[PDB]
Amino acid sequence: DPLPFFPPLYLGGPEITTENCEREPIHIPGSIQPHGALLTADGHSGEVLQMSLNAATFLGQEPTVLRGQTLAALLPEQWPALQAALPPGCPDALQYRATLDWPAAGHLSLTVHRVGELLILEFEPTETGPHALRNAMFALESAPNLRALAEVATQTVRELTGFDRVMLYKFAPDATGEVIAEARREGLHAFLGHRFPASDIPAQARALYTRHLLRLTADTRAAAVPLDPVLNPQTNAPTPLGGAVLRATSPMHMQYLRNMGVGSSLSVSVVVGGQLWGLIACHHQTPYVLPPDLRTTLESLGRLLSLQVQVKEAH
């Protein structure tokens, strides 16, 4: 049952410390991670309303010029499809995805979702079949018990991602946590069996993670890129970014990651009967962008795992 948040810093909210961190408004940082670009658009007219400041790097056109243009003009091939895929009032975790062409090598990956009357569009460069998830299910299904399932799950996720460390972190009723399974690079010190206080993942983080099942920090040293304008014109209120993987990570968590010597981090919620049961928590020693298709796979695996857990705890 999380505290209400304070205003974001850009609305004159207070600085975040270890005394008030459960009130950080992490879903509305007004900025993104610099390895992709983000636009927002009117969900009906398709008019481009906000743009990350770096958008020219990715889209090949100056942020000041793209604004106010409609998606029907900017994405003539994707706009109808995107409209149909994300109707008014659809779930905010529902996504449309397309891979577009661009002047730089490979493609751009486009991910879109809807919050209220706003569409949120994420672009990231890209260079995974249903088969990888399909093949994985077998060992997860054969695991004789919960601990075995967790061991299979982390090993499988490590094999699919290449991440230096993959943990299954399970929450206790006091919201403390414990590393119950771990697959890691040889010689990396074990976190297996270690317990952490509830404060390491504060209540508003756990609440968010029950709604939007995947979040990441691709470079624990990269500075965020502002959304311009920062508020949504539709509303003159902050833009909700919990549904965007590009969302800027809490600086408090960035520092936490750096203190651990973590270069890149990613986790997937394990949600059992609508409650946050735990996290598949992943680390890389250096910055790393997991491709969109792989993240999507990991999301589905998180759901598969949730159900298998729920099956075994009911045994």
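Residues carry their position along the shown sequence, with the first being 1.
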{"query": "Deposited residues lacking coordinates between residue 127 and residue 128 (none, 1 to 3, 4 to 9, 10 or more)", "finding": "4 to 9"}
{"query": "Between the two ranges 219-227 and 98-106, the one averaging a larger CA B factor in the entry", "finding": "98-106"}
{"query": "Entry-level comparison of average CA B-factors, 270-278 and 30-38, reporting the higher stretch", "finding": "270-278"}
{"query": "Options 149, 237, 112, 214 - largest CA temperature factor per the record", "finding": "237"}
{"query": "Residue 91 by Cα B-factor - lowest, middle or highest third of the modelled chain", "finding": "middle"}
{"query": "Within-chain third of residue 176 by Cα B-factor, per the entry", "finding": "middle"}
{"query": "Entry-reported Cα temperature factor of residue 285, expressed as the chain third it lands in", "finding": "lowest"}
{"query": "Residue 61 - Cα temperature factor, lowest/middle/highest third of chain", "finding": "highest"}
{"query": "Residue 259, C-alpha B-factor rank within chain (lowest, middle or highest third)", "finding": "highest"}
